[PDB]
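Coming up is one lone chain in structure tokens, specifically the form deposited in one PDB entry.
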């Protein structure tokens, strides 16, 4: 079954998640909002986001934003300031998650920074899948809601952008909170990240989290639908890392044309300021 050590690993991760995941986004406030040539062509990477924004007030008021269509203009950058603020809020939560976990704290500062930089996007996306509604194509973030706008091919066309397909595929697995936090742990403690000194310790931690995840699934999911779940999750994690490397390249190209990264995002991506 589950060993007490395995049950102590899950509890440590689960408590770290509860303390640092504001699932209602109640402290996300004071954020920016959109106002009331091969480089540029590629930089039209932005069209795959296609998101509408809803902001519900406590008074009952609802503000709704619909994005501009591309007209060969700067209007494509209208939502980047808001998204940078949301990304920064999510990343701060992820940093707090790592810092409250005993195993991460024990690691050297240099390794802690290297691991956070490598896994920050992946951990944020894993948390965002918990708030994603597959039926509505919407990410429900407290009073903010982010809805995918209609596209010609509809669902299938959205499933062509890897980030979106990841979200739909992961949600279909119908994971428990314990399985999400183990995926975060496996992704955070990745030994093959640039700059990791204590690779052997990190690799052993990762294997223990994966063993714990495999054991959790074996003990709590006996149904033929959950056959090969551990391996599906591990493949998902491998795809997320490829998505992460692609997203980094897309982001840095936009930044090069149209700077928008916040200070914390600049630190994450090694932008110096000079």
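Basically, rigid core = biggest C-alpha set you can superpose within 1.5 Å across the two forms. Numbering follows the first chain given and starts at 1. Residues that one form lacks are left out of the comparison.
The form solved in complex with a partner chain exists for this protein as well; it is not shown, and the discussion that follows is about that form.
Visitor: Check 42, 80 and 256: does every one of them have a heavy atom within 4.5 Å of its partner chain in the deposited complex?
Guide: No, because 42, 80 and 256 lack any heavy atom that approaches its partner chain to within 4.5 Å in the deposited complex.
Visitor: Does any part of residue 148 reach within 4.5 Å of its partner chain in the deposited complex? Heavy atoms only, please.
Guide: So residue 148 does not count as contacting its partner chain.
Visitor: Quick one: is residue 116 in contact with its partner chain in the deposited complex, heavy atoms, 4.5 Å cut-off?
Guide: Residue-level check for residue 116: yes, a contact with its partner chain.
Visitor: Using a 4.5 angstroms cut-off on non-hydrogen atoms, would residue 264 count as touching its partner chain in the deposited complex?
Guide: Residue-level check for residue 264: yes, a contact with its partner chain.
Visitor: Looking in the deposited complex, any heavy atom of residue 95 within 4.5 Å of its partner chain?
Guide: Although its partner chain is absent here, residue 95 would touch it in the deposited complex, with heavy atoms inside 4.5 Å.
Visitor: Between 100, 124, 84, 164, only one gets a heavy atom within 4.5 angstroms of its partner chain in the deposited complex; which residue is that?
Guide: Partner contact (heavy atom, 4.5 Å) among the options: 100.
Visitor: Determine, with the core as the superposition reference, the one member of 241, 247, 232, 43 that shifts its CA by 2 Å or more between the shown form and the other one.
Guide: Just 43.
Visitor: In sequence order, what stretches of at least three consecutive residues shift by 2 Å or more at the Cα level between the shown form and the other one, with the rigid core held as reference?
Guide: CA shift run, sole hit: 37 to 44.
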